[PDB]
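These notes concern the structure reproduced below.
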Amino acid sequence: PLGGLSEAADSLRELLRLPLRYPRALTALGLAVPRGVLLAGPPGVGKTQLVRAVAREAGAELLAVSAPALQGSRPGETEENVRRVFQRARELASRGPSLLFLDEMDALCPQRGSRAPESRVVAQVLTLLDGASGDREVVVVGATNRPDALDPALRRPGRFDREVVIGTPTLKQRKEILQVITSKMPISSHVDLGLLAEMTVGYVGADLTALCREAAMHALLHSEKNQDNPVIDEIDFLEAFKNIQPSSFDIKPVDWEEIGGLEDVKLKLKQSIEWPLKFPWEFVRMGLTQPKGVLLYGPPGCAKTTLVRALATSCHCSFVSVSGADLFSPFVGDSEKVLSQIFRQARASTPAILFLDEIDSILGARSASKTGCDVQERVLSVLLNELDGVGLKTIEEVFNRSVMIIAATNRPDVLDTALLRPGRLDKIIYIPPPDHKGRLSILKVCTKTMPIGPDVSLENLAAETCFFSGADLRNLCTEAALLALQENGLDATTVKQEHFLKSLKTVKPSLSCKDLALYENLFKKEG
Amino acid sequence: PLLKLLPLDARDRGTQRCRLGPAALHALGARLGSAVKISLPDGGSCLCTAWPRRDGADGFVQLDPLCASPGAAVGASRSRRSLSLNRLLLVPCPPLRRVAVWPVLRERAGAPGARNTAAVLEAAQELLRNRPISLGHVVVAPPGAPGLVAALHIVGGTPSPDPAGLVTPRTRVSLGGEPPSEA
């Protein structure tokens, strides 16, 4: 059946019933819609089975011809085979409910800059589709892995523009697909499928299929007598985990109780970000402003991402974050398209919240290396271009869904001033390291589940934890709990007061109290 | 008894007939060119024309599945399985006044539409000459056959051709055109 894919399945079934379910309206209003889609993603148990499922969801000829199964040796037989299959498609358009499909067109579609015959292939397939423009009830589903793997001159407007990626393997989808797979093969009755699922980050569905496959393989090769009713034990699944690697590739929920200190910044973020969403009509009856961009900064090491996620939690709004590791792929020209796609999903779930983490990593030095920083400034340009795209309308019923972008970092100069300019971002808030009281509160809240006892008094550590960080205190109490455990051994529930001090004199913090002043002064001069 | 099932050399492979040794021919006593309903051991009966073995041999049965059972065609080749004589039957053949068919067409890819029915009707009337067919059966066309037709799924039979029936040169062939029970 369908495994962890029904979301994109439903979305695409909508986008395709739109032309298919009502053909007697376009020319009725001169409204030729897009005709041709691109399913990009790791194929196998998903994409093609999905297109099957959806053509069924409507009723359509599953003409599932794998495109690389029609290659020709001499120029002329190839394009005529294309004529053949597209003629099948057209005489199908003479029929009722239907759909044309193919897969792995990438082999049949290199990119531009290549030799001559690719020109012939692409021009003649463009011919066939531009002829089918007049057909009745058929379209083309180019099924490939990565959209870039295709010819650009075929993704034009009025051409293969509706481009959708297969799903990304989320945990819920992981469990769904494991269940779907095992629905036809006997696995033991003691499987926490979600366990292996979370063990399989990056592993797409088909990878999981393969995992279970080789698992059962060594199950058979390991079971001896009852080789007919395999109780495929999860130990062999671990065995499989070993003998496998995944491909290339903040759902974690949080709460405000998990954080304390710097209540001013919390109240601020509550004021100028979430409250527009929770009181939009109130805002506009006030009509004060919608600050579209917000920037945050302090000393690096206060786990600011946690506060960002807490904000993302207290609103229920669709939240998406963007990191340099999520960004720094080995493809040049990919960062721009990535951030574009992210903002595209933003405007897709138009009430969205987007967040750029460590923009220093997202955008490095401006001109430190004065010759090899071209694509970074190109990302800068495309970013600036997409930024002022958030300019909405409806000045002084109140429907206006914008995406208030927030970012945060600690290296101010490394950024570009035009971003900070009040044309794009006009709110920059300071995240100073906690005071004595903030350290007290952070200790209390990070300790509220640690092994504690009778001799605890956090105020003394507070007096001694000046010029620390939150992560500093957290690592401190963790290693101290380690000491407490190993001292009295495993079987122990007691507590201490001093091994914390010892860990203190082991772990030395950002004691300077000067670099914070540097960042603060620089930011304050930067806005 | 029990009979082996050799493959089929080219000459026969063209036409419909099925060869057989004079032993079994004496058994069921059919003169020649008769009909023999054959039930494949893989589900789906078949119908063929009788013709004696070339060399008075014994116990072997080469056959060709022209008048097949739907989809069960290829199940006739590529085997070494036996075939018990009881799996064959002599079937009476009436002259079958009028018939009615639903044809596929050959993929003359490049010109479909309105299909000049005189053409397809002539070709079908050709491919059905003097053959015995039994209702509920495909009739493939031989390779490199002329014309356009490539299938004659058999539906309408006037004197109820349930066992089988012989289409004669003076039999109406109504190109009815009702694809039956497509599932």
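Just so we're on the same page: first chain in the structure tokens is A, next is B, and so on; residues restart at 1 for each chain, and ligands are numbered from 1 in the order they show up.
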
Open item on the list: Using only C-alpha atoms and a distance of at most 12 Å, pull out the residues of chain A that contact chain B, as a PyMOL selection string.
Closed with: chain A and resi 80-81+83-92+94

Open item on the list: Let's see if you can do this: from backbone DSSP, list all alpha helix (DSSP H) residues in segment 165-398 of chain A, as an NGL selection string.
Closed with: :A and (171-182 or 193-199 or 205-222 or 234-242 or 263-269 or 275-278 or 280-286 or 304-313 or 334-348 or 359-362 or 374-387)

TODO: Please give the complete set of residues from segment 32-70 of chain B that DSSP, run on the backbone, assigns to strand (DSSP E or B), formatted as a PyMOL selection string.
DONE: chain B and resi 35-39+45-52+60+67

Task: Polymer residues at most 10 Å from segment 244-252 of chain A, only C-alpha atoms, same-chain spacing of 3 or more positions, as a PyMOL selection string - done: chain A and resi 42+168-170+200-204+207-208+210-211+214+239-241+305+309+312-313+319-322+326+329

Applying 12 Å and only C-alpha atoms, which residues near residue 270 of chain A remain after dropping the ones on its own chain fewer than 3 positions away? List them as a short mmCIF file (atom, residue, chain, number, x, y, z; two decimals) with N, CA, C and O atoms, in the first residue's frame.
```
data_model
loop_
_atom_site.label_atom_id
_atom_site.label_comp_id
_atom_site.auth_asym_id
_atom_site.auth_seq_id
_atom_site.Cartn_x
_atom_site.Cartn_y
_atom_site.Cartn_z
N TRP A 256 8.43 26.68 27.51
CA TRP A 256 9.05 27.80 28.22
C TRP A 256 9.56 27.42 29.59
O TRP A 256 10.47 28.07 30.11
N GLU A 263 14.00 37.46 31.01
CA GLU A 263 12.56 37.51 30.77
C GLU A 263 12.19 38.66 29.84
O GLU A 263 11.16 38.60 29.16
N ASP A 264 13.02 39.71 29.81
CA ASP A 264 12.75 40.84 28.93
C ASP A 264 12.68 40.39 27.47
O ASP A 264 11.74 40.74 26.75
N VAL A 265 13.67 39.61 27.03
CA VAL A 265 13.70 39.18 25.64
C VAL A 265 12.53 38.25 25.34
O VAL A 265 11.97 38.27 24.24
N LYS A 266 12.16 37.41 26.31
CA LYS A 266 10.99 36.55 26.13
C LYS A 266 9.74 37.38 25.92
O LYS A 266 8.97 37.14 24.97
N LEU A 267 9.50 38.35 26.80
CA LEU A 267 8.34 39.22 26.64
C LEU A 267 8.38 39.97 25.32
O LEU A 267 7.35 40.17 24.68
N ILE A 273 6.28 39.16 17.74
CA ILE A 273 6.21 38.08 16.76
C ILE A 273 4.93 37.27 16.89
O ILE A 273 4.13 37.21 15.95
N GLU A 274 4.72 36.64 18.04
CA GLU A 274 3.58 35.74 18.18
C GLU A 274 2.27 36.51 18.26
O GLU A 274 1.26 36.08 17.69
N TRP A 275 2.26 37.63 18.97
CA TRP A 275 1.02 38.36 19.17
C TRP A 275 0.40 38.89 17.88
O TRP A 275 -0.84 38.93 17.80
N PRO A 276 1.16 39.31 16.86
CA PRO A 276 0.54 39.55 15.56
C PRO A 276 -0.27 38.37 15.06
O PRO A 276 -1.34 38.56 14.47
N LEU A 277 0.20 37.15 15.29
CA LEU A 277 -0.58 35.99 14.86
C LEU A 277 -1.76 35.75 15.78
O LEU A 277 -2.86 35.44 15.32
N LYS A 278 -1.55 35.88 17.09
CA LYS A 278 -2.62 35.62 18.04
C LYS A 278 -3.61 36.78 18.15
O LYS A 278 -4.70 36.59 18.71
N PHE A 279 -3.26 37.96 17.65
CA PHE A 279 -4.16 39.11 17.67
C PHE A 279 -3.98 39.94 16.41
O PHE A 279 -3.66 41.13 16.47
N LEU A 307 15.37 28.89 22.77
CA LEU A 307 14.36 29.93 22.87
C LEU A 307 13.61 30.09 21.56
O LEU A 307 12.39 30.32 21.56
N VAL A 308 14.31 29.94 20.44
CA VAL A 308 13.64 30.00 19.15
C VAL A 308 12.58 28.91 19.05
O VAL A 308 11.45 29.16 18.64
N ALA A 310 11.11 27.39 21.49
CA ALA A 310 10.02 27.68 22.42
C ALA A 310 9.02 28.64 21.80
O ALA A 310 7.80 28.44 21.89
N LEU A 311 9.53 29.70 21.17
CA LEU A 311 8.66 30.58 20.40
C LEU A 311 7.87 29.78 19.37
O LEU A 311 6.64 29.89 19.28
N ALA A 312 8.56 28.95 18.58
CA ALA A 312 7.90 28.13 17.58
C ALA A 312 6.87 27.19 18.18
O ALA A 312 5.98 26.71 17.47
N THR A 313 6.99 26.91 19.47
CA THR A 313 6.06 26.03 20.15
C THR A 313 4.82 26.76 20.64
O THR A 313 3.71 26.23 20.56
N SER A 314 4.99 27.98 21.15
CA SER A 314 3.90 28.68 21.80
C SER A 314 2.91 29.29 20.82
O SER A 314 2.11 30.15 21.22
N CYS A 315 2.93 28.88 19.55
CA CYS A 315 2.07 29.50 18.56
C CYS A 315 1.33 28.47 17.73
O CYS A 315 0.30 28.78 17.11
#
```

Open item on the list: I need the residue nearest residue 131 of chain B from this list: B:75, B:52, B:143, B:33. Use only C-alpha atoms for the distance.
Closed with: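 So, comparing all the options, the nearest one is B:33.
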
Open item on the list: Would you pick out the contacts of segment 16-29 of chain A at 10 Å or less, using only C-alpha atoms, so that residues sharing its chain but fewer than 3 positions from it are not included, and give the list as an MDAnalysis selection string?
Closed with: chainID A and resid 10:13 32:37 54:55 57:58 96:99 136:139

I need the residues from that last selection saved to file as an mmCIF file, in the first residue's frame (with N, CA and C atoms), if you can.
```cif
data_model
loop_
_atom_site.group_PDB
_atom_site.id
_atom_site.type_symbol
_atom_site.label_atom_id
_atom_site.label_comp_id
_atom_site.auth_asym_id
_atom_site.auth_seq_id
_atom_site.Cartn_x
_atom_site.Cartn_y
_atom_site.Cartn_z
ATOM 1 N N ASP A 10 -1.761 13.007 -1.611
ATOM 2 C CA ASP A 10 -2.994 13.781 -1.652
ATOM 3 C C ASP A 10 -2.773 15.118 -2.344
ATOM 4 N N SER A 11 -1.684 15.805 -2.002
ATOM 5 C CA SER A 11 -1.410 17.098 -2.621
ATOM 6 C C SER A 11 -1.371 16.977 -4.140
ATOM 7 N N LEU A 12 -0.626 15.995 -4.638
ATOM 8 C CA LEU A 12 -0.506 15.833 -6.076
ATOM 9 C C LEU A 12 -1.800 15.339 -6.691
ATOM 10 N N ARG A 13 -2.557 14.507 -5.976
ATOM 11 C CA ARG A 13 -3.840 14.086 -6.514
ATOM 12 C C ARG A 13 -4.763 15.278 -6.686
ATOM 13 N N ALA A 32 -5.883 27.334 -20.304
ATOM 14 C CA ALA A 32 -4.920 26.239 -20.368
ATOM 15 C C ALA A 32 -4.035 26.218 -19.131
ATOM 16 N N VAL A 33 -4.146 25.149 -18.353
ATOM 17 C CA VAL A 33 -3.433 25.023 -17.086
ATOM 18 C C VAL A 33 -2.089 24.349 -17.333
ATOM 19 N N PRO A 34 -1.219 24.235 -16.328
ATOM 20 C CA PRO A 34 0.000 23.438 -16.506
ATOM 21 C C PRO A 34 -0.321 21.989 -16.821
ATOM 22 N N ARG A 35 0.489 21.409 -17.704
ATOM 23 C CA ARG A 35 0.284 20.038 -18.166
ATOM 24 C C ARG A 35 1.646 19.354 -18.194
ATOM 25 N N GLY A 36 2.005 18.711 -17.090
ATOM 26 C CA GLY A 36 3.296 18.063 -16.970
ATOM 27 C C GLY A 36 3.927 18.314 -15.619
ATOM 28 N N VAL A 37 4.297 17.243 -14.916
ATOM 29 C CA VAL A 37 4.805 17.344 -13.558
ATOM 30 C C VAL A 37 6.124 16.597 -13.452
ATOM 31 N N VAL A 54 -2.344 6.700 -7.225
ATOM 32 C CA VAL A 54 -3.145 7.896 -7.468
ATOM 33 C C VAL A 54 -3.912 7.788 -8.779
ATOM 34 N N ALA A 55 -3.273 7.283 -9.838
ATOM 35 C CA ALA A 55 -4.028 7.004 -11.048
ATOM 36 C C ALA A 55 -5.205 6.112 -10.732
ATOM 37 N N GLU A 57 -6.646 6.204 -7.640
ATOM 38 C CA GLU A 57 -7.493 7.115 -6.879
ATOM 39 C C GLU A 57 -8.424 7.903 -7.774
ATOM 40 N N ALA A 58 -8.050 8.087 -9.035
ATOM 41 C CA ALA A 58 -8.937 8.712 -10.001
ATOM 42 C C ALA A 58 -9.461 7.753 -11.053
ATOM 43 N N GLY A 96 -11.695 8.229 -22.047
ATOM 44 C CA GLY A 96 -12.130 8.906 -20.843
ATOM 45 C C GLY A 96 -11.018 9.052 -19.821
ATOM 46 N N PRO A 97 -11.311 8.734 -18.558
ATOM 47 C CA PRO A 97 -10.321 8.925 -17.482
ATOM 48 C C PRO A 97 -9.027 8.146 -17.721
ATOM 49 N N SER A 98 -7.902 8.867 -17.676
ATOM 50 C CA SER A 98 -6.627 8.313 -18.115
ATOM 51 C C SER A 98 -5.488 9.165 -17.577
ATOM 52 N N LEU A 99 -4.268 8.681 -17.800
ATOM 53 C CA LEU A 99 -3.044 9.383 -17.425
ATOM 54 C C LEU A 99 -1.851 8.683 -18.055
ATOM 55 N N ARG A 136 -6.754 15.810 -24.921
ATOM 56 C CA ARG A 136 -7.935 15.950 -24.084
ATOM 57 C C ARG A 136 -7.663 15.614 -22.623
ATOM 58 N N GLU A 137 -7.193 14.402 -22.341
ATOM 59 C CA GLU A 137 -7.215 13.908 -20.971
ATOM 60 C C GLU A 137 -5.957 13.099 -20.667
ATOM 61 N N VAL A 138 -4.786 13.650 -21.005
ATOM 62 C CA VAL A 138 -3.503 13.027 -20.696
ATOM 63 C C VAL A 138 -2.482 14.103 -20.363
ATOM 64 N N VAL A 139 -1.570 13.762 -19.456
ATOM 65 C CA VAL A 139 -0.426 14.596 -19.114
ATOM 66 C C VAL A 139 0.784 13.697 -18.895
#
```

TODO: Using atom CA of residue 98 of chain B and atom CA of residue 19 of chain B as the two end points, give the distance in Å to one decimal.
DONE: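 Value for the atom CA of residue 98 of chain B-atom CA of residue 19 of chain B distance: 29.2 Å.
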
- [ ] Would you list the contacts of segment 76-93 of chain B as a PyMOL selection string, taking every protein, DNA or RNA residue within 8 Å and counting only C-alpha atoms, but skipping same-chain residues closer than 4 positions in sequence?
- [x] chain B and resi 1-7+24+28+30+34-41+63-65+72+132+163-166

Write out as an mmCIF file with N, CA, C and O atoms, in the first residue's frame the residues lying within 10 Å of residue 381 of chain A, counting only C-alpha atoms and excluding same-chain residues fewer than 6 positions away.
```
data_model
loop_
_atom_site.group_PDB
_atom_site.id
_atom_site.type_symbol
_atom_site.label_atom_id
_atom_site.label_comp_id
_atom_site.auth_asym_id
_atom_site.auth_seq_id
_atom_site.Cartn_x
_atom_site.Cartn_y
_atom_site.Cartn_z
ATOM 1 N N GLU A 336 21.253 28.863 -2.712
ATOM 2 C CA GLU A 336 20.240 29.800 -3.174
ATOM 3 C C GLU A 336 18.914 29.092 -3.410
ATOM 4 O O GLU A 336 17.873 29.490 -2.872
ATOM 5 N N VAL A 375 30.172 32.883 -4.609
ATOM 6 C CA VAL A 375 28.858 32.276 -4.435
ATOM 7 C C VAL A 375 28.219 32.734 -3.128
ATOM 8 O O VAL A 375 26.990 32.779 -3.020
ATOM 9 N N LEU A 387 13.905 38.667 0.361
ATOM 10 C CA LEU A 387 13.509 39.291 1.620
ATOM 11 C C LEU A 387 12.372 40.278 1.406
ATOM 12 O O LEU A 387 11.262 40.089 1.913
#
```

- [ ] For atom CA of residue 339 of chain A and atom CA of residue 383 of chain A, quote the distance in Å rounded to one decimal.
- [x]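 Between these atoms lies a distance of 7.8 Å.
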
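Among the candidate residues B:16, B:25, B:43, B:32, the one lying nearest to residue 127 of chain B is B:16, with distances computed using only C-alpha atoms.
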